[PDB]
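The data block below is structure-v4.cif; it holds mmCIF, N, CA, C and O atoms.
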data_data
#
loop_
_atom_site.label_atom_id
_atom_site.label_comp_id
_atom_site.auth_asym_id
_atom_site.auth_seq_id
_atom_site.Cartn_x
_atom_site.Cartn_y
_atom_site.Cartn_z
N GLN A 1 68.05 -66.92 -76.20
CA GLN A 1 67.49 -67.20 -77.53
C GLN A 1 67.28 -68.70 -77.75
O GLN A 1 66.19 -69.22 -77.54
N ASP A 2 68.35 -69.40 -78.14
CA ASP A 2 68.26 -70.84 -78.39
C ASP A 2 69.65 -71.46 -78.46
O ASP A 2 70.65 -70.77 -78.65
N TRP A 3 69.68 -72.78 -78.31
CA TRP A 3 70.92 -73.55 -78.21
C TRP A 3 71.72 -73.55 -79.51
O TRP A 3 72.94 -73.54 -79.49
N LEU A 4 71.03 -73.54 -80.64
CA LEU A 4 71.70 -73.63 -81.91
C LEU A 4 72.32 -72.29 -82.29
O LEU A 4 73.49 -72.22 -82.69
N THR A 5 71.56 -71.22 -82.16
CA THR A 5 72.02 -69.91 -82.56
C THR A 5 73.06 -69.37 -81.58
O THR A 5 73.86 -68.50 -81.92
N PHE A 6 73.06 -69.90 -80.36
CA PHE A 6 74.07 -69.54 -79.39
C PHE A 6 75.45 -69.95 -79.90
O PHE A 6 76.46 -69.30 -79.62
N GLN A 7 75.47 -71.03 -80.69
CA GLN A 7 76.69 -71.53 -81.29
C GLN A 7 77.19 -70.56 -82.35
O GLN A 7 78.38 -70.28 -82.44
N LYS A 8 76.27 -70.03 -83.13
CA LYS A 8 76.60 -69.07 -84.16
C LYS A 8 77.16 -67.80 -83.53
O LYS A 8 77.99 -67.11 -84.12
N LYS A 9 76.71 -67.50 -82.31
CA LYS A 9 77.08 -66.27 -81.63
C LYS A 9 78.39 -66.41 -80.84
O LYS A 9 79.15 -65.45 -80.71
N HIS A 10 78.66 -67.60 -80.29
CA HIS A 10 79.82 -67.76 -79.40
C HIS A 10 80.62 -69.03 -79.63
O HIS A 10 81.73 -69.15 -79.11
N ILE A 11 80.10 -69.96 -80.39
CA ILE A 11 80.80 -71.22 -80.64
C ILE A 11 81.54 -71.16 -81.98
O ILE A 11 80.92 -71.16 -83.04
N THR A 12 82.86 -71.09 -81.92
CA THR A 12 83.65 -70.93 -83.13
C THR A 12 84.49 -72.18 -83.40
O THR A 12 84.70 -73.01 -82.52
N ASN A 13 84.95 -72.30 -84.64
CA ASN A 13 85.66 -73.48 -85.10
C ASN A 13 87.18 -73.30 -84.99
O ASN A 13 87.94 -74.22 -85.29
N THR A 14 87.62 -72.12 -84.58
CA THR A 14 89.04 -71.85 -84.52
C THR A 14 89.44 -71.23 -83.18
O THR A 14 88.82 -70.29 -82.70
N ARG A 15 90.48 -71.80 -82.58
CA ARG A 15 91.08 -71.24 -81.37
C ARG A 15 91.87 -69.98 -81.72
O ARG A 15 92.00 -69.07 -80.91
N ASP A 16 92.40 -69.95 -82.93
CA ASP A 16 93.16 -68.81 -83.41
C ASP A 16 92.28 -67.97 -84.32
O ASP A 16 92.42 -67.98 -85.54
N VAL A 17 91.34 -67.26 -83.71
CA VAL A 17 90.31 -66.54 -84.44
C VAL A 17 90.79 -65.17 -84.90
O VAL A 17 91.38 -64.41 -84.12
N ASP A 18 90.56 -64.86 -86.16
CA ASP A 18 90.76 -63.51 -86.65
C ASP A 18 89.55 -62.68 -86.29
O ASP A 18 88.80 -62.22 -87.15
N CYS A 19 89.36 -62.50 -84.99
CA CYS A 19 88.25 -61.73 -84.46
C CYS A 19 88.32 -60.29 -84.97
O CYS A 19 87.30 -59.62 -85.12
N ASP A 20 89.54 -59.84 -85.21
CA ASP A 20 89.79 -58.53 -85.80
C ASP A 20 89.12 -58.40 -87.17
O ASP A 20 88.67 -57.33 -87.56
N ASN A 21 89.06 -59.51 -87.90
CA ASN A 21 88.43 -59.53 -89.23
C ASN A 21 86.94 -59.83 -89.11
O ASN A 21 86.11 -59.20 -89.77
N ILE A 22 86.62 -60.79 -88.25
CA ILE A 22 85.26 -61.26 -88.04
C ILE A 22 84.31 -60.13 -87.63
O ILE A 22 83.12 -60.17 -87.95
N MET A 23 84.84 -59.13 -86.93
CA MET A 23 84.02 -58.10 -86.31
C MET A 23 83.27 -57.26 -87.34
O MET A 23 82.32 -56.55 -86.99
N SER A 24 83.68 -57.33 -88.60
CA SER A 24 83.02 -56.58 -89.65
C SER A 24 81.69 -57.22 -90.02
O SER A 24 80.86 -56.63 -90.71
N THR A 25 81.50 -58.43 -89.53
CA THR A 25 80.25 -59.13 -89.69
C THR A 25 79.28 -58.62 -88.62
O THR A 25 79.67 -58.48 -87.46
N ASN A 26 78.04 -58.35 -89.02
CA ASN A 26 77.04 -57.73 -88.13
C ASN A 26 76.80 -58.57 -86.87
O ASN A 26 76.24 -58.08 -85.89
N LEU A 27 77.21 -59.82 -86.91
CA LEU A 27 77.21 -60.68 -85.74
C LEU A 27 77.96 -60.00 -84.59
O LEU A 27 77.46 -59.89 -83.47
N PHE A 28 79.17 -59.52 -84.89
CA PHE A 28 79.97 -58.80 -83.91
C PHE A 28 79.77 -57.30 -84.09
O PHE A 28 79.85 -56.55 -83.12
N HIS A 29 79.48 -56.91 -85.33
CA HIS A 29 79.18 -55.52 -85.70
C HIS A 29 80.09 -54.50 -85.00
O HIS A 29 79.62 -53.59 -84.31
N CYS A 30 81.40 -54.67 -85.20
CA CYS A 30 82.41 -53.78 -84.63
C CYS A 30 82.19 -53.61 -83.12
O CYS A 30 81.92 -52.51 -82.63
N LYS A 31 82.28 -54.71 -82.40
CA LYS A 31 82.07 -54.72 -80.96
C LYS A 31 83.33 -54.23 -80.23
O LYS A 31 84.39 -54.12 -80.84
N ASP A 32 83.22 -53.93 -78.95
CA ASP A 32 84.37 -53.52 -78.17
C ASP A 32 85.11 -54.72 -77.61
O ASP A 32 86.34 -54.77 -77.64
N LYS A 33 84.37 -55.69 -77.10
CA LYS A 33 84.97 -56.91 -76.62
C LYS A 33 83.99 -58.08 -76.70
O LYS A 33 82.80 -57.92 -76.44
N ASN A 34 84.47 -59.24 -77.13
CA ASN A 34 83.66 -60.46 -77.13
C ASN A 34 84.56 -61.67 -76.91
O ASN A 34 85.58 -61.81 -77.59
N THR A 35 84.19 -62.53 -75.97
CA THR A 35 84.87 -63.79 -75.78
C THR A 35 84.23 -64.86 -76.66
O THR A 35 83.04 -64.78 -76.95
N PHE A 36 85.01 -65.83 -77.13
CA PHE A 36 84.43 -66.95 -77.87
C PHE A 36 84.61 -68.24 -77.09
O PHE A 36 85.42 -68.31 -76.17
N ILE A 37 83.86 -69.26 -77.47
CA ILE A 37 84.04 -70.59 -76.94
C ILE A 37 84.43 -71.53 -78.07
O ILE A 37 83.59 -71.89 -78.90
N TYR A 38 85.70 -71.91 -78.12
CA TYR A 38 86.15 -72.88 -79.10
C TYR A 38 85.99 -74.27 -78.52
O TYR A 38 86.81 -74.74 -77.74
N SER A 39 84.88 -74.90 -78.87
CA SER A 39 84.52 -76.16 -78.26
C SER A 39 83.63 -76.99 -79.18
O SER A 39 83.14 -76.50 -80.20
N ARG A 40 83.46 -78.25 -78.82
CA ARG A 40 82.38 -79.05 -79.36
C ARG A 40 81.10 -78.66 -78.62
O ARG A 40 81.16 -78.37 -77.43
N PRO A 41 79.93 -78.63 -79.29
CA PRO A 41 78.68 -78.17 -78.67
C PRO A 41 78.30 -79.01 -77.46
O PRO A 41 77.85 -78.49 -76.44
N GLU A 42 78.54 -80.31 -77.57
CA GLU A 42 78.08 -81.27 -76.57
C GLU A 42 78.70 -80.98 -75.19
O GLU A 42 77.98 -80.85 -74.21
N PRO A 43 80.05 -80.88 -75.10
CA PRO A 43 80.73 -80.52 -73.85
C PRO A 43 80.20 -79.22 -73.24
O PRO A 43 80.15 -79.09 -72.01
N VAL A 44 79.81 -78.27 -74.09
CA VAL A 44 79.30 -76.99 -73.62
C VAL A 44 77.94 -77.17 -72.95
O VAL A 44 77.70 -76.65 -71.86
N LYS A 45 77.07 -77.92 -73.61
CA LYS A 45 75.72 -78.14 -73.11
C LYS A 45 75.74 -78.90 -71.78
O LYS A 45 74.85 -78.73 -70.94
N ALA A 46 76.76 -79.73 -71.60
CA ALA A 46 76.88 -80.58 -70.41
C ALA A 46 76.94 -79.77 -69.11
O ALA A 46 76.58 -80.27 -68.04
N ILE A 47 77.40 -78.52 -69.19
CA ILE A 47 77.45 -77.65 -68.02
C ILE A 47 76.04 -77.40 -67.49
O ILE A 47 75.82 -77.25 -66.29
N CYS A 48 75.09 -77.43 -68.41
CA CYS A 48 73.72 -77.03 -68.14
C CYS A 48 72.86 -78.20 -67.68
O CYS A 48 71.64 -78.08 -67.59
N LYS A 49 73.49 -79.33 -67.39
CA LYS A 49 72.76 -80.51 -66.98
C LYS A 49 72.07 -80.28 -65.64
O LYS A 49 72.71 -79.99 -64.64
N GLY A 50 70.74 -80.40 -65.65
CA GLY A 50 69.97 -80.18 -64.44
C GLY A 50 69.34 -78.80 -64.42
O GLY A 50 68.43 -78.53 -63.64
N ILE A 51 69.82 -77.93 -65.29
CA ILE A 51 69.38 -76.55 -65.34
C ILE A 51 68.14 -76.40 -66.21
O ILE A 51 68.22 -76.48 -67.42
N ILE A 52 66.99 -76.17 -65.60
CA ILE A 52 65.76 -76.02 -66.36
C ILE A 52 65.44 -74.55 -66.56
O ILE A 52 65.24 -74.08 -67.68
N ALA A 53 65.42 -73.82 -65.45
CA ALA A 53 65.17 -72.40 -65.47
C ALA A 53 66.41 -71.66 -65.95
O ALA A 53 67.51 -72.20 -65.91
N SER A 54 66.22 -70.44 -66.43
CA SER A 54 67.32 -69.65 -66.95
C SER A 54 68.23 -69.14 -65.83
O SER A 54 67.86 -68.20 -65.11
N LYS A 55 69.39 -69.76 -65.66
CA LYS A 55 70.39 -69.28 -64.71
C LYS A 55 71.79 -69.67 -65.17
O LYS A 55 71.98 -70.71 -65.81
N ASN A 56 72.75 -68.81 -64.87
CA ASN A 56 74.13 -69.00 -65.29
C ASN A 56 74.82 -70.08 -64.46
O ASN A 56 74.55 -70.24 -63.27
N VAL A 57 75.70 -70.83 -65.11
CA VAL A 57 76.46 -71.88 -64.47
C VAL A 57 77.94 -71.77 -64.85
O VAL A 57 78.26 -71.37 -65.98
N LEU A 58 78.82 -72.10 -63.92
CA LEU A 58 80.26 -72.07 -64.17
C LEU A 58 80.76 -73.42 -64.68
O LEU A 58 80.46 -74.46 -64.09
N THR A 59 81.50 -73.38 -65.78
CA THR A 59 82.11 -74.57 -66.36
C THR A 59 83.01 -75.30 -65.36
O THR A 59 83.75 -74.68 -64.60
N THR A 60 82.93 -76.62 -65.38
CA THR A 60 83.77 -77.46 -64.54
C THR A 60 85.13 -77.70 -65.21
O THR A 60 86.10 -78.08 -64.55
N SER A 61 85.19 -77.45 -66.51
CA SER A 61 86.40 -77.71 -67.28
C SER A 61 86.97 -76.40 -67.83
O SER A 61 86.28 -75.38 -67.87
N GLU A 62 88.23 -76.44 -68.24
CA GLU A 62 88.87 -75.29 -68.85
C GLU A 62 88.80 -75.38 -70.37
O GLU A 62 89.11 -76.42 -70.95
N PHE A 63 88.38 -74.30 -70.99
CA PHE A 63 88.16 -74.27 -72.43
C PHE A 63 89.03 -73.21 -73.10
O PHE A 63 89.49 -72.27 -72.45
N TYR A 64 89.26 -73.39 -74.39
CA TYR A 64 90.05 -72.45 -75.17
C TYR A 64 89.20 -71.24 -75.54
O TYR A 64 88.34 -71.32 -76.42
N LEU A 65 89.45 -70.14 -74.85
CA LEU A 65 88.62 -68.95 -74.96
C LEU A 65 89.51 -67.73 -75.19
O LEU A 65 90.54 -67.57 -74.54
N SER A 66 89.13 -66.89 -76.12
CA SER A 66 89.89 -65.67 -76.40
C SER A 66 88.98 -64.45 -76.32
O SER A 66 87.81 -64.51 -76.70
N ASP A 67 89.54 -63.36 -75.82
CA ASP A 67 88.81 -62.10 -75.71
C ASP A 67 89.36 -61.08 -76.69
O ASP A 67 90.55 -60.77 -76.68
N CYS A 68 88.49 -60.56 -77.56
CA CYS A 68 88.89 -59.48 -78.45
C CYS A 68 88.61 -58.15 -77.79
O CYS A 68 87.47 -57.71 -77.76
N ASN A 69 89.64 -57.51 -77.28
CA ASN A 69 89.46 -56.20 -76.68
C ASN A 69 89.93 -55.12 -77.63
O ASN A 69 91.07 -55.12 -78.09
N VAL A 70 89.02 -54.20 -77.95
CA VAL A 70 89.32 -53.12 -78.87
C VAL A 70 90.31 -52.14 -78.25
O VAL A 70 90.17 -51.73 -77.09
N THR A 71 91.35 -51.82 -79.01
CA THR A 71 92.34 -50.84 -78.58
C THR A 71 91.82 -49.42 -78.72
O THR A 71 90.63 -49.20 -78.99
N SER A 72 92.70 -48.45 -78.55
CA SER A 72 92.36 -47.05 -78.79
C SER A 72 92.05 -46.87 -80.27
O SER A 72 91.25 -46.01 -80.66
N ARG A 73 92.68 -47.70 -81.10
CA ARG A 73 92.43 -47.73 -82.53
C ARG A 73 90.99 -48.15 -82.79
O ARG A 73 90.49 -49.10 -82.17
N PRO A 74 90.31 -47.48 -83.72
CA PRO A 74 88.90 -47.73 -84.01
C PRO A 74 88.67 -49.11 -84.62
O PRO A 74 89.08 -49.38 -85.75
N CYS A 75 88.04 -49.98 -83.83
CA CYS A 75 87.66 -51.32 -84.27
C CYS A 75 88.88 -52.20 -84.52
O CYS A 75 88.81 -53.18 -85.27
N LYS A 76 89.99 -51.85 -83.91
CA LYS A 76 91.19 -52.67 -83.96
C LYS A 76 91.46 -53.22 -82.57
O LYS A 76 91.28 -52.52 -81.58
N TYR A 77 91.89 -54.47 -82.49
CA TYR A 77 91.90 -55.16 -81.21
C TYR A 77 93.24 -55.76 -80.84
O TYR A 77 94.22 -55.66 -81.58
N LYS A 78 93.23 -56.35 -79.67
CA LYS A 78 94.26 -57.26 -79.22
C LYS A 78 93.59 -58.59 -78.93
O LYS A 78 92.43 -58.61 -78.49
N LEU A 79 94.28 -59.67 -79.17
CA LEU A 79 93.73 -60.97 -78.86
C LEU A 79 94.33 -61.52 -77.59
O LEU A 79 95.55 -61.65 -77.46
N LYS A 80 93.47 -61.83 -76.65
CA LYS A 80 93.89 -62.41 -75.39
C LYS A 80 93.43 -63.85 -75.36
O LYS A 80 92.24 -64.13 -75.19
N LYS A 81 94.37 -64.76 -75.53
CA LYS A 81 94.05 -66.16 -75.63
C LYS A 81 94.26 -66.85 -74.30
O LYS A 81 95.35 -66.83 -73.73
N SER A 82 93.20 -67.46 -73.81
CA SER A 82 93.17 -68.00 -72.48
C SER A 82 92.54 -69.38 -72.46
O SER A 82 91.81 -69.76 -73.38
N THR A 83 92.86 -70.16 -71.45
CA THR A 83 92.20 -71.42 -71.23
C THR A 83 91.65 -71.46 -69.81
O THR A 83 92.40 -71.63 -68.85
N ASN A 84 90.35 -71.29 -69.69
CA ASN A 84 89.70 -71.18 -68.40
C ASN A 84 88.27 -71.66 -68.52
O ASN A 84 87.80 -71.96 -69.61
N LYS A 85 87.59 -71.73 -67.39
CA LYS A 85 86.18 -72.07 -67.36
C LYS A 85 85.36 -70.80 -67.54
O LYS A 85 85.86 -69.70 -67.32
N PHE A 86 84.12 -70.95 -67.96
CA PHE A 86 83.29 -69.79 -68.24
C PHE A 86 81.91 -69.93 -67.61
O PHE A 86 81.52 -71.01 -67.17
N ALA A 87 81.20 -68.83 -67.54
CA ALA A 87 79.83 -68.84 -67.04
C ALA A 87 78.86 -68.63 -68.19
O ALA A 87 78.99 -67.69 -68.96
N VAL A 88 77.90 -69.53 -68.30
CA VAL A 88 76.88 -69.45 -69.33
C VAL A 88 75.50 -69.58 -68.73
O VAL A 88 75.30 -70.32 -67.77
N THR A 89 74.56 -68.84 -69.28
CA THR A 89 73.18 -68.93 -68.85
C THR A 89 72.49 -70.08 -69.55
O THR A 89 72.35 -70.07 -70.78
N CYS A 90 72.08 -71.08 -68.80
CA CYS A 90 71.40 -72.21 -69.40
C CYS A 90 69.93 -72.19 -69.08
O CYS A 90 69.51 -71.73 -68.01
N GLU A 91 69.16 -72.66 -70.03
CA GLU A 91 67.73 -72.75 -69.91
C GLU A 91 67.28 -73.99 -70.66
O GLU A 91 67.71 -74.21 -71.80
N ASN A 92 66.45 -74.83 -70.03
CA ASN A 92 66.05 -76.10 -70.63
C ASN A 92 67.29 -76.98 -70.84
O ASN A 92 67.36 -77.79 -71.76
N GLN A 93 68.27 -76.78 -69.96
CA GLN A 93 69.54 -77.49 -69.97
C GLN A 93 70.32 -77.23 -71.26
O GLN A 93 70.97 -78.13 -71.80
N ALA A 94 70.24 -76.01 -71.76
CA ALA A 94 71.01 -75.61 -72.92
C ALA A 94 71.55 -74.20 -72.72
O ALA A 94 70.84 -73.32 -72.23
N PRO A 95 72.82 -73.97 -73.07
CA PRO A 95 73.44 -72.66 -72.96
C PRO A 95 72.96 -71.75 -74.08
O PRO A 95 73.08 -72.08 -75.25
N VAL A 96 72.40 -70.61 -73.71
CA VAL A 96 71.91 -69.67 -74.69
C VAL A 96 72.60 -68.32 -74.55
O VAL A 96 72.62 -67.51 -75.48
N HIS A 97 73.20 -68.09 -73.39
CA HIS A 97 73.81 -66.81 -73.10
C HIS A 97 75.18 -67.01 -72.47
O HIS A 97 75.37 -67.92 -71.67
N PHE A 98 76.10 -66.15 -72.82
CA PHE A 98 77.43 -66.17 -72.24
C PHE A 98 77.55 -65.03 -71.23
O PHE A 98 77.18 -63.89 -71.52
N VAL A 99 78.05 -65.36 -70.05
CA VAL A 99 78.11 -64.40 -68.96
C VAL A 99 79.49 -63.77 -68.89
O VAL A 99 79.63 -62.56 -68.72
N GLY A 100 80.50 -64.60 -69.05
CA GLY A 100 81.85 -64.13 -69.05
C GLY A 100 82.79 -65.09 -68.35
O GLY A 100 82.36 -65.95 -67.59
N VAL A 101 84.06 -64.96 -68.66
CA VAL A 101 85.10 -65.70 -67.95
C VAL A 101 85.47 -65.00 -66.66
O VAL A 101 85.74 -63.80 -66.64
N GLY A 102 85.47 -65.76 -65.58
CA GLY A 102 85.78 -65.22 -64.28
C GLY A 102 85.46 -66.22 -63.19
O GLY A 102 84.29 -66.54 -62.98
N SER A 103 86.49 -66.72 -62.52
CA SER A 103 86.31 -67.79 -61.56
C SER A 103 87.60 -68.03 -60.79
O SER A 103 88.59 -67.30 -60.94
N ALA A 104 87.59 -69.05 -59.95
CA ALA A 104 88.81 -69.57 -59.36
C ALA A 104 89.19 -70.88 -60.07
O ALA A 104 89.51 -71.87 -59.38
#
Encoded form using structure tokens:
Amino acid sequence: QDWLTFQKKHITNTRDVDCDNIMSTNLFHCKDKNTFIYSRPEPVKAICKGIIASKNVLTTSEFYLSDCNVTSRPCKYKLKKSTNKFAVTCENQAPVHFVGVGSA
């Protein structure tokens, strides 16, 4: 989509996110699982340096990222708080898509 709205979708202001509450917003619209990126926008975009075409890149740094995984309970979750690097799809040297946490 775009660099700015990607922030609205995955860039949050809190490491301790009430994702359990947030999910009632159509943004998450009672999702099963979503990771967030608690970061400044600039550090995030820096991963995409050199990336013109749309392709995913792995973060060189570790970021404060949490995964809301829905339990057996309907739209109720567990929070998994992690600090790791992530993969994002960059285009025009801007992250627009989140691929997921998973790396060495």
**Message:** Quick check for you: according to DSSP on this backbone, which residues of chain A are classed as strand (DSSP E or B)? Reply as a PyMOL selection string.
**Reply:** chain A and resi 11-12+33-35+37-38+55-58+63-70+77-84+86-91+94-101
**Request:** Please write as number ranges by chain the full residue list that the PyMOL selection byres ((chain A and resi 52-66) around 5) yields on this file.
**Result:** A: 34-38, 50-51, 67-68, 80-93
**Message:** Using DSSP secondary structure from the backbone, list all helix (DSSP H, G or I) positions within stretch 35-84 of chain A, as a PyMOL selection string.
**Reply:** chain A and resi 41-48
**Message:** One decimal, in Å: what's the spacing between atom CA of residue A:6 and atom CA of residue A:96?
**Reply:**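 Answer for the atom CA of residue A:6 to atom CA of residue A:96 separation: 5.2 Å.
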**Prompt:** Quick one: distance from atom N of residue A:17 to atom O of residue A:75 in Å, one decimal?
**Reply:** 14.4 Å
Take every atom of stretch 79-94 of chain A listed in the file, pad by 8 Å on each side, and give me the axis-aligned box centre and edge lengths in Å, one decimal, as AutoDock Vina command-line options.
--center_x 80.8 --center_y -68.9 --center_z -73.1 --size_x 45.5 --size_y 34.5 --size_z 28.1
**Asked** Using all atoms listed in the file, which of the listed residues (A:78, A:98, A:15, A:49) sits closest to residue A:32?
**Response** A:78
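Taking atom O of residue A:94 as the reference point, atom CA of residue A:48 is found at 6.2 Å.
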